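Each chain, written out:
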Amino acid sequence: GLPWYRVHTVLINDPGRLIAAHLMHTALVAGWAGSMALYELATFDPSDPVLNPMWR
Amino acid sequence: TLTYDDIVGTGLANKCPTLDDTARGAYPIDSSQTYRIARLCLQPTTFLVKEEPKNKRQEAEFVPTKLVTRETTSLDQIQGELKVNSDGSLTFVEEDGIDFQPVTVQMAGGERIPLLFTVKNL
Ligand code: CLA
Ligand code: CLA
Ligand code: CLA
Ligand code: CLA
Ligand SMILES: CCCCCCCCCCCCCCCC(=O)OC[C@H](COP(=O)(O)OC[C@@H](O)CO)OC(=O)CCCCCCCCCCCCCCC
Ligand SMILES: CC1=C(/C=C/C(C)=C/C=C/C(C)=C/C=C/C=C(C)/C=C/C=C(C)/C=C/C2=C(C)CCCC2(C)C)C(C)(C)CCC1
Ligand SMILES: CC1=C(/C=C/C(C)=C/C=C/C(C)=C/C=C/C=C(C)/C=C/C=C(C)/C=C/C2=C(C)CCCC2(C)C)C(C)(C)CCC1
């Protein structure tokens, strides 16, 4: 069958499933952005923009 | 003049009586008579908390807060003698009343600040 490094080639001639895979990728990335923001808000100390700003 | 059933649940019970704009007069004090405050009412509108200074030892400011314990904040039904002093000054000596309320306010970021808002032994 297909080697492991070729599994996604099933999408080349399947525009609908390619759109699905792209939707899933987009869902993952947007989910990352959301999760990352939440984790940052759960750890961020807003009490000192002078000596403890976000980049520290 | 309003009854309990007029006031119940409106939030008016936590407000102090007001006087109209026409009330810019003068109440004569007779240094020979004894005086009393029959009712003192204190209705807070703002609670400010002093920020715990970063470490600059610069000006730490009082900042706004959000009241989270509802319309439970006012001091009222406070009474005490109103002394007339030698120098013509008046001294109110609080004796009794509903002279404290526990109050919780919330700082930006979530920190809750409980306080015993009071004038005990004023
Ligand atoms: C954007 C991500 C993405 C998307 C949209 C797809 C989509 C697709 N894959 Mg591919 N795949 C991916 C990533 C992805 N894959 C990764 C990272 C691997 C290595 C594990 C694979 C390996 C793979 C194989 C072997 C096969 C596919 C196949 C397919 C198709 C059918 C679905 C399937 O069987 O998935 C299977 C893939 C998975 C179930 C992904 C693994 C899940 C990982 C472990 C993360 C799970 C999240 C987890 C909850 C978080 C863990 C947190 C941790 C800190 C503990 C479809 C085109 C099939 C295909 O059609 O072959 C012709 C197929 O046989 N994929
Ligand atoms: C938009 C970017 C993009 C897209 C859509 C594709 C899509 C494709 N690639 Mg190409 N490729 C890319 C960029 C991309 N590639 C980059 C940047 C490189 C260099 C690193 C390559 C090098 C490359 C090679 C050498 C090959 C492909 C192949 C393929 C095809 C099969 C993929 C597969 O089934 O893997 C299945 C993959 C797995 C089952 C697991 C992979 C696990 C990886 C290595 C580690 C974990 C990755 C992690 C989950 C991703 C994090 C996201 C990242 C951006 C930070 C498919 C058409 C194959 C092909 O042409 O088939 C005919 C093939 O041989 N790609
Ligand atoms: C009306 C014309 C039109 C419009 C507005 C779009 C718009 C888009 N296309 Mg293209 N496309 C078109 C014509 C169009 N296309 C035609 C005629 C073809 C040949 C069939 C294609 C083939 C094509 C492929 C193969 C792919 C796209 C993809 C995309 C998306 C990429 C960006 C993205 O996902 O953002 C992020 C998304 C958002 C911020 C949300 C947007 C909200 C959507 C539009 C509302 C959904 C409801 C709507 C009624 C149903 C779908 C609308 C559809 C016209 C796109 C974007 C929504 C890619 C995709 O879907 O990636 C996931 C993709 O893989 N298109
Ligand atoms: C411009 C931005 C961008 C681009 C071009 C891509 C492109 C890609 N992404 Mg997405 N991704 C992005 C942003 C992006 N990503 C962001 C911001 C997030 C949230 C963190 C993700 C989360 C994400 C997930 C969870 C997955 C992808 C996957 C993919 C691949 C799908 C096509 C494929 O089959 O490749 C085949 C794979 C390759 C060609 C190998 C790519 C190798 C990368 C570039 C470096 C790998 C590093 C190292 C070897 C392994 C990681 C270290 C390990 C300790 C974790 C493709 C390379 C999917 C994929 O890799 O499926 C197999 C996948 O599962 N991405
Ligand atoms: C965030 C979520 C992330 C989850 C992603 C999951 C990641 C999965 C990673 C897959 C990696 C698997 C590698 C496949 C490995 C594998 O299948 O190899 C053999 C494979 C052979 O492919 P063929 O075309 O012969 O097809 C056979 C098929 O059965 C394969 O499916 O060739 C490759 O894949 C090319 C890569 C070469 C790799 C060679 C390196 C090995 C040499 C030893 C190196 C170590 C020793 C060094 C000493 C100094
Ligand atoms: C369904 C639904 C829902 C929900 C959702 C959700 C809840 C979500 C999510 C999500 C999510 C929550 C997600 C996420 C994600 C993530 C990710 C995607 C990640 C990733 C990662 C990575 C890729 C990594 C990598 C790496 C490492 C690990 C280490 C170092 C290096 C690197 C960086 C490479 C709602 C209700 C709205 C509605 C409708 C339905
Ligand atoms: C319609 C319906 C339904 C549905 C559902 C759904 C749609 C679901 C889903 C779901 C989902 C879709 C989910 C998910 C998920 C996820 C996950 C599992 C994740 C993750 C993640 C992570 C782990 C992360 C992390 C991180 C990052 C990335 C950054 C920052 C840091 C941290 C570490 C936090 C049901 C059945 C209910 C029933 C009725 C109807």
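Residues numbered from 1 in each chain as written, not as in the entry; some residues may be left out. Chains lettered and ligands numbered in written order. Part of a larger assembly, values for the part shown. Heavy atoms only, no water.

Deposited coordinates in this entry are attributed by the record to X-ray crystallography, at a stated resolution of 5.0000 Å.

A. Representation of the overall build of chain B in the model. Check the secondary structure of chain B and you find one helix and eight strands. Seen in sequence order, chain B has helices and strands lined up from the N terminus as α-β-β-β-β-β-β-β-β. Seen along its three principal axes, the alpha-carbon backbone of chain B occupies a region of about 55 × 45 × 30 Å. Classification of the 122 residues of chain B by burial places 21% in the buried group. For chain B, restricting intrachain contacts to residue pairs at least 6 apart in sequence, the fraction spanning at least 24 positions comes to 51%. When the accessible surface of chain B is totalled, it reaches about 9500 Å², and 51% of it is carbon and sulfur. Each charge sign in chain B was given a centre, from 13 positive and 18 negative side chains, and these centres are 9 Å apart. (Helix = DSSP H or I, 4+ residues; strand = E, 2+ residues; numbered from the N terminus. Buried < 20%, exposed > 50% of the residue type's maximum accessible area, 1.4 Å probe, protein only. Contact = heavy atoms within 4.5 Å. Areas by Shrake-Rupley, 256 points an atom, 1.4 Å probe, with all protein chains shown as cover. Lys, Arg positive; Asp, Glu negative; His and termini not counted. Charge placed at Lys NZ, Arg CZ, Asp CG, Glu CD.)

B. Spotlight on the sheet that holds strand β4 (residues 66-67) of chain B. Residue and element names in this part refer to chain B. Here three strands make up an open sheet; going across it, the order is β4-β7-β8 and the pairing antiparallel. Taken across any chain shown, the strands that pair with only one partner, and hence form the sheet edges, are β4 and β8 (112-118). Of the pairings in the sheet, the one linking β4 to strand β7 (residues 100-106) comprises two bridges and is antiparallel in character. Along β7, the bridge assignment pairs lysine 66 with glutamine 106. (Pairing = 2+ DSSP bridges.)

C. Geometry of the pairing of strand β6 (residues 90-98) of chain B. All names here are of chain B. Examined bridge by bridge, strand β5 (residues 75-84) and β6 share seven bridges and lie antiparallel to one another. Residue pairing across strands places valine 84 opposite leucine 90, the latter belonging to β6. Hairpin connection of β5 to β6: five residues between the antiparallel strands, including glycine 88 at a positive phi of 85 degrees.

D. Spatial organisation of the site of ligand 2. Residue and element names in this part refer to chain A. Inspection of the region around ligand 2 gives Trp4, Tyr5, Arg6, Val7, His8 and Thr9 as its neighbouring residues. Contact between ligand 2 and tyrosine 5: an oxygen atom at 3.4 Å from a main-chain N or O atom of the residue. Partitioning the shell around ligand 2 into residue classes produces three nonpolar, two polar and one charged. (Near = heavy atom within 4 Å. Polar contact = N/O pair within 3.5 Å; in protein donor to acceptor, adjacent residues only side chain to side chain. Nonpolar A, V, L, I, M, F, W, Y, C, P; charged D, E, K, R; others polar.)

E. Seen up close, a nonpolar patch on the surface. Residue and element names in this part refer to chain A. There is a patch of nonpolar side chains on the surface, built from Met24, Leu28 and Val29 and spanning about 310 Å² of accessible area. Summarising the element assignment, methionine 24 is placed in helix α1 (residues 15-43). Overall, the relative accessible area of 51% leaves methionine 24 in the exposed class. (Patch = residues over 30% accessible without salt bridge, like charges linked within 9 Å, V, L, I, M, F, W, Y side chains within 5 Å. Salt bridge = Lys/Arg side-chain N within 4 Å of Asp/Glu carboxyl O.)

F. Structural detail: the sheet that holds β6 of chain B. Residue and element names in this part refer to chain B. The sheet built from three strands is open, its strands ordered β1-β5-β6 with antiparallel pairing. Where the open sheet ends on each side, the last strands, each with one partner, are β1 (35-42) and β6. Taken over all neighbouring pairs, the strand axes of this sheet differ in orientation by 30 degrees on average, direction set aside. (Axes fitted to C-alpha atoms, helices over the stretch in contact; angles between N-to-C directions.)

G. Seen up close, the environment of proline 17 of chain B. Residue and element names in this part refer to chain B. With respect to the helices, strands and loops of the structure, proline 17 is situated in the loop between α1 (4-7) and β1. For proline 17, a relative accessible area of 55% corresponds to the exposed category. For the pair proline 17 and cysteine 41, spaced 24 residues apart in the sequence, the C-alpha separation amounts to 7.9 Å.

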